[PDB]
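Just below is one structure, and these are the notes that go with it.
Neighbour counts run over all protein chains shown; Cβ positions are idealised from the backbone, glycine included. Since every read-out is calculated from the coordinates, none of them should be taken as a lab result.
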Amino acid sequence: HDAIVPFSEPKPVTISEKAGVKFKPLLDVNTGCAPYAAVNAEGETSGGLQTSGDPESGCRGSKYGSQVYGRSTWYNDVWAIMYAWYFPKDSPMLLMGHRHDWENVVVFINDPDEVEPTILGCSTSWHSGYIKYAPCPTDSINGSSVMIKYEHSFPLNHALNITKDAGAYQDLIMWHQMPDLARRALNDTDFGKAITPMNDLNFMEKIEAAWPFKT
Ligand SMILES: *[C@@H]1O[C@H](CO)[C@@H](O[C@@H]2O[C@H](CO)[C@@H](O[C@@H]3O[C@H](CO)[C@@H](O)[C@H](O)[C@@H]3O)[C@H](O)[C@H]2NC(C)=O)[C@H](O)[C@H]1NC(C)=O
Ligand SMILES: *[C@@H]1O[C@H](CO)[C@@H](O[C@@H]2O[C@H](CO)[C@@H](O[C@@H]3O[C@H](CO)[C@@H](O)[C@H](O)[C@@H]3O)[C@H](O)[C@H]2NC(C)=O)[C@H](O)[C@H]1NC(C)=O
Ligand SMILES: *[C@@H]1O[C@H](CO)[C@@H](O)[C@H](O)[C@H]1NC(C)=O
């Protein structure tokens with residue numbers, strides 16, 4: 001329980017690293033787990049938590065701090081950045097819920113190599129699909145940080161959506177900055193009902209599913 005030590009956020013050097021840090025979302029959590037690190041540098045992964053009668057018990061926050069995962073690519077001449085969070089359980093009241101949970105938002109900007117790139121759209125994970133916004137509404141943008149809420153509405157489990165309430169930042173690690181042992185684990189580990197969204201199997205399919213523009 002709470003054994004995984006997160007990666008530190010390295011000081012950004014490349015275009016994509018700098019943009020990754022610049023456009024980190026704010027995450028506000030409502031009645032669920034705080035985000036936890038899913039994997040460590042040695043490739044061990046979180047065991048999650050069994051479902052129980054309280055949505056937050058055991059997962060109010062790691063003694064090691066939190067993590068947010070990032071991965072980016074050009075797609076259809078727009079720059080797409082995925083931010084993903086891992087939670088040890090998703091266990092709402094009245095619902096069966098499950099061990100493990102992965103959520104993500106995809107932020108779309110015009111070009112990462114501008115002094116002030118423009119957010120063009122944003123898509124928030126919703127039970128394997130997305131809620132798509134084009135444009136990303138201004139009231140949910142805090143500087144260059146989209147404001148995201150993790151919450152549940154009966155009769156479905158937790159999901160993400162934009163919000164006007166400012167949350168908090170987590171230490172960001174980008175896919176390429178994790179050691180090969182960690183990427184191997186994120187590529188291969190079975191999280192049951194939760195699917196790791198930025199690993200090599202799923203990332204491009206997810207970016208395509210997240211495309212919010214009326215093309
Ligand atoms: C995802 O988030 C969006 C953004 O907040 C949600 O859309 C919003 O839904 C509410 C419905 O409660 C709309 O609220 C307004 O509320 C008053 C209540 O008195 C109503 O009278 C107004 O006519 C108006 O509908 C709000 O306009 C709407 N915003 C947008 C941009 O659509 C959306 O429901 C969330 N989706 C999920 C699945 O949770
Ligand atoms: C998920 O990410 C991991 C880590 O980046 C990828 O595993 C790494 O990539 C290849 C897998 O084909 C391995 O290289 C191969 O090693 C064998 C045995 O030494 C050699 O015969 C081949 O010529 C090739 O060099 C690499 O060792 C492996 N690393 C680890 C730690 O597993 C994996 O490919 C990714 N999965 C997907 C679906 O992309
Ligand atoms: C923007 O985020 C900060 C925390 O990062 C918060 O203190 C502030 O109230 C937010 N402002 C708006 C307008 O959302």
Q: Quickly run through region 145-156 and pick out the residues that are more than 10 Å from ligand 1 (Cβ to nearest atom) and surrounded by fewer than 18 Cβ atoms within 10 Å (Cβ to Cβ).
A: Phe154, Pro155
Q: Restrict the check to region 188-211 and report whether at least one residue is among the basic types (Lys, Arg), within 15 Å of ligand 2 (Cβ to nearest atom) and buried (at least 19 other Cβ atoms within 10 Å of the Cβ).
A: yes
Q: Determine whether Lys89 is of a type in the set (D, E, K, R) and more than 19 Å from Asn161 (Cα to Cα).
A: no
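Which of the residues spanning region 160-187 are within 16 Å of ligand 1 (Cβ to nearest atom) and either surrounded by 13 or more Cβ atoms within 10 Å (Cβ to Cβ) or under 27 Å from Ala41 (Cβ atoms) (or both)?
Matches in region 160-187: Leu160, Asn161, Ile162, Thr163, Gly167.
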Q) On the given criteria, is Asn104 surrounded by fewer than 16 Cβ atoms within 10 Å (Cβ to Cβ) and either in contact with a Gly (Cβ under 8 Å, 6 or more places away or on another chain) or touching a residue at least 24 places away in the same chain (Cβ under 8 Å) (or both)? A) no
Q | Enumeration of residues in region 132-166 that are touching a residue at least 60 places away in the same chain (Cβ under 8 Å) and in a strand (DSSP E or B) | A | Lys132, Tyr133, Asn142, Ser145, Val146, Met147, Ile148, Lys149, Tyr150, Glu151, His152, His158
Q: Among the numbered conditions (1) closer than 27 Å to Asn30 by Cα; (2) without any contact (Cβ under 8 Å) to a residue 40 or more places away in the chain; (3) away from ligand 3 (no atom under 16 Å from the Cβ); (4) of a type outside the set (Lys, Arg), tell me where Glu205 comes up short.
A: (1)
Q) In this structure, is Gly61 in contact with a helix residue (DSSP H, G or I) (Cβ under 6 Å, 6 or more places away or on another chain) and either touching a residue at least 24 places away in the same chain (Cβ under 8 Å) or under 21 Å from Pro10 (Cβ atoms) (or both)? A) no
Q: Report, by residue number, each residue of region 101-137 that is of a type in the set (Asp, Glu) and under 19 Å from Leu27 (Cα atoms).
A: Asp101, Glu103
Q. For the subset of region 65-90 comprising residues that are under 18 Å from the mean Cα position of the chain (by Cα) and not in a strand (DSSP E or B), which member is surrounded by the fewest Cβ atoms within 10 Å (Cβ to Cβ)?
A. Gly65
Q: Read through the list (1) under 24 Å from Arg183 (Cβ atoms); (2) surrounded by fewer than 16 Cβ atoms within 10 Å (Cβ to Cβ), then give the number of the only condition that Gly43 fails.
A: (2)
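Against the condition β-branched (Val, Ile, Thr) and either within 15 Å of ligand 2 (Cβ to nearest atom) or out of contact with any strand residue (DSSP E or B) (no Cβ under 6 Å at 6 or more places or on another chain) (or both), how does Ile148 come out, does it pass?
no
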Q | Members of region 135-144 found to be of a type outside the set (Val, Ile, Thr) and exposed (fewer than 15 other Cβ atoms within 10 Å of the Cβ), listed by number | A | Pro135, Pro137, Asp139, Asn142, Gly143
Q: Being within 28 Å of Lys164 (Cα to Cα) and touching a residue at least 24 places away in the same chain (Cβ under 8 Å) narrows it down to one of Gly43, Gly20, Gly48, so name that one.
A: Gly20
